[PDB]
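Colleague: take this sequence and fold it.
(2 chains, ligands or ions: 4)
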Amino acid sequence: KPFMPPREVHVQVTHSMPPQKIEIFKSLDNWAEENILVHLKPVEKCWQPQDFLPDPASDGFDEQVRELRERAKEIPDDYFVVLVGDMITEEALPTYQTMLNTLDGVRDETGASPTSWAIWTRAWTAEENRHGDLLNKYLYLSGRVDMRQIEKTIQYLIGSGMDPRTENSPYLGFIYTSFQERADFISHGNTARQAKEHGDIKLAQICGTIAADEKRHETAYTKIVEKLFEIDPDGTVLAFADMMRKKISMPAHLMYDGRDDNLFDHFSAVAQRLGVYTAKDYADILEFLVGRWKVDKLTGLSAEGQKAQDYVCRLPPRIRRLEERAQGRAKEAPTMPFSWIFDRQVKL
Amino acid sequence: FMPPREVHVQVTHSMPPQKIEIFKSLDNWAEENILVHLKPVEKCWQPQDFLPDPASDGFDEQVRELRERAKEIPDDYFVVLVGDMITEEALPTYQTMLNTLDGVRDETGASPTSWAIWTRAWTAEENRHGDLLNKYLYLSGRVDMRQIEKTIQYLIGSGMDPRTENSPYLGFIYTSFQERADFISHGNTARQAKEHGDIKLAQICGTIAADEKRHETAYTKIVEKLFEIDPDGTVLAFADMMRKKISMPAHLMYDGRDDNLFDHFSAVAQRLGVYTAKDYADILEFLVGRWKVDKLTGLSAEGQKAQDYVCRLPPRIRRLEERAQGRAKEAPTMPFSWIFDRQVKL
Ligand SMILES: [Fe+3]
Ligand SMILES: [Fe+3]
Ligand SMILES: [Fe+3]
Ligand SMILES: [Fe+3]
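Modeller: Numbers count the residues shown, from 1 in each chain, chains lettered A, B, ... in the order given. Ligands and ions are numbered 1, 2, ... in the order given. Find the structure here:
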């Protein structure tokens, strides 16, 4: 069957958090306005996409665009595939603002709510917007990729949305985004350092600068979970385990270009192979968070909390060993065409 | 370095909670009268269709022709065009605006409901508008992308409160009005884009306008339906929006230099005849006729005051914001950071 995007294969579960716990967040408003909002960079001090692109109001514009394209010839298709996937993930931004606005105690109820929570969501969104913009124009000018197939993938992606399975729970929500932000920090950070190798400093600065925005986001979301562990170590420990069993699905897992039915798997494979984001990175993030939130040092947990706590502390090495042995899928990986690069083929 | 803020008290969940069912019921209906107005992905235009092709040997000359044409387009017009583009780029805010509506919100981010499906596909459609105008302005060299990017970040941080109070009634009235506004602005920049000598730019604006009409058509069929099922609540919602006035999605525009950026942008749009105080009236009047407000009967003493107010507001607005004496002729010249502080006539 033709033009059918992939769908979420799990049953939709809404409003799992007990409705009384909504007050905890109303209470933490002030706290958020002092421990969280402080991780937003004020607009006037933020970089903008133009800072890293050829200046179209400068006599230098032509040579700049020309050097950009020359450099891009020395960057192999493999890398463009990954980079394209990252950029597409970024452009599906409106979905992610919705992701935060689904959380019970934290949603923006009007579109301009004076709450600390709604203020964060809006400013976080505003920061994220520059990531897509910048990688978009870069890919556009490069000439190495097929902007029409990329634009088409993006429209499929927004139509599809995503269900991270947070069930409207600020607990699950902020656990989720804590994990994703770090993942984003690793991918972008990796494309950055790798971007230097292939011979493009400017592209490295681009990726690096996006990475730095991610760290700050991670820091912000991790202070919230930390705080939730402090206030409710039982609910939070339980929320943490729940997310992991479910597995953290990536925001663009429903990726579809109208040709490949396994586009996300394929994109990911290349990212894995290239060492941009690996099955191992997923583990390191998990382990980091376990240590960062002091899950192990938690005491006075219900028989429920204890099973959860133990599960979470012993999942990283289990995931490690298992999705370690890249025997039958790393070496014998077939070559595959991607419509994002005009059906040129790269090694999966 | 303070962005403007909504000056009105925040009013949430005004629609009676029982009326949430009306929408759950209309799911199938929506999947046959609304979703039909979305263009399937494979058949949609994409920004690359109207831009220089960067994987073509023709790229250079195409970028070069684009820039040459843009020199013949005056600063006035770039101001308006930039404002339009900025409004488009604040898209995530508008998805949120629809996700705030009580009986229609997407509860997960991927809800199989007709309502959530529409919201997501409408958003996907809108996204190409921003992308296209963005790359156009970027290649043009006529405008200061850094100041524009900064305005955009202020705008999303600010969001907007259209004062729909989570009511699908108010919501879809609102978006019915906006879509038509959008169709007029884009439509006008389109025809005017021809004058100044740029066909391609006209095709860009025109293609955006067409998207808008379809959206308008879709939102209008919902209100029509609401008038049919609940002529009282709908008539009352329609009047409520108008007293409050329909505020534009980008009214909290801020670039870090101008404290009246939206007013100023609008002034230029007005003067240029892209979107005028008169257009606002014509949209209103059209909707009054399109929804058959006047032909409504059996309304409460409440419904009737409302019905009358709405049918007599267009000419009142007309005459009033007609006489552009003290503000059209003696309009001062003002610098915009979007064009490197070059100045245009307000
Ligand atoms: Fe990002
Ligand atoms: Fe981020
Ligand atoms: Fe639009
Ligand atoms: Fe529209």
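Colleague: which bits of the stretch 101-250 of chain A sit near ligand 1?
Modeller: Residues of the stretch 101-250 of chain A lying near ligand 1 by Cβ under 5 Å from the ion: A:128, A:131. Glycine gets a C-beta too; all of them are placed from N, C-alpha and C.
Colleague: mind redoing it with 6 Å?
Modeller: Contact residues, the stretch 101-250 of chain A versus ligand 1 (Cβ under 6 Å from the ion): A:128, A:131, A:184, A:214.
Colleague: turn those into TSV, columns for distance to ligand 4.
Modeller: Converted to TSV, these look like this (distance: Cβ to the ion, whole Å):
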residue	distance to ligand 4
A:128	22
A:131	24
A:184	30
A:214	31
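Colleague: just these: which are in strands?
Modeller: Using DSSP state E, no member of these falls within strands.
Colleague: how far off centre is stretch A:208-224?
Modeller: Distance, stretch centre to chain centre, for stretch A:208-224: 11 Å (Cα atoms, centre = their mean, to the nearest Å).
Colleague: list the contacts for the residue in chain A positioned nearest to ligand 4?
Modeller: Of all residues in chain A, the one sitting closest to ligand 4 is residue A:94 (13.7 Å; Cβ to the ion). Listed by Cβ atoms under 8 Å, 6 or more residues apart in numbering or on different chains, the contact set of residue A:94 reads A:158, B:91, B:92, B:95, B:123, B:127.
Colleague: what sits against the first one?
Modeller: Read that as residue A:158. Residues near residue A:158 by Cβ under 8 Å, 6+ apart: A:92, A:94, A:95, B:120, B:121, B:123, B:124, B:127.
Colleague: which two of those have the greatest separation?
Modeller: For the contacts of residue A:158, the maximum inter-member distance is 13.3 Å, found between A:92 and B:121 (Cβ to Cβ).
Colleague: could you say which helix or strand holds the residue of chain A closest to ligand 4?
Modeller: Assigned by DSSP states H and E, residue A:94 belongs to helix A:93-100.
Colleague: hang on, the earlier thing: neighbour count added to the residues of the stretch 101-250 of chain A next to ligand 1, as CSV?
Modeller: What follows is these, written out as CSV (neighbours: other Cβ atoms under 10 Å in any protein chain shown):
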residue, neighbour count
A:128, 22
A:131, 25
A:184, 26
A:214, 22
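Colleague: can you tell me which of the residues you listed end up in helices?
Modeller: Among those, the members found in helices (DSSP state H) are A:128, A:131, A:184, A:214.
Colleague: the third one contacts residue A:214, doesn't it?
Modeller: Yes: counting by Cβ atoms under 8 Å, residue A:184 sits close enough to residue A:214 to count as a contact (4.4 Å).
Colleague: and the residue of chain A closest to ligand 3?
Modeller: Closest to ligand 3 within chain A is residue A:94: 13.0 Å, counting by Cβ to the ion.
Colleague: the stretch 1-150 of chain A: strands as residue ranges?
Modeller: Assigned by DSSP state E, counting those that start in this stretch, the stretch 1-150 of chain A shows no strands.
Colleague: show me what from the stretch 151-300 of chain A comes close to chain B.
Modeller: The interface of the stretch 151-300 of chain A toward chain B, taken as Cβ under 8 Å from any Cβ of the partner chain, is made up of A:151-152, A:154-164, A:168, A:254, A:258.
Colleague: which residues touch the residue in the stretch 151-300 of chain A that ligand 2 sits nearest to?
Modeller: Among the residues of the stretch 151-300 of chain A, residue A:217 lies closest to ligand 2, at 3.9 Å counting by Cβ to the ion. By Cβ under 8 Å, 6+ apart, the contact list for residue A:217 reads A:39, A:124, A:127, A:177, A:181, A:184.
Colleague: roughly how far apart are the residue of chain A most remote from its centre and ligand 1?
Modeller: Here the centre of chain A is the reference, and by Cα atoms, centre = their mean the most remote residue is residue A:59, at 37.1 Å. Going from residue A:59 to ligand 1 by Cβ to the ion, to the nearest Å gives 33 Å.
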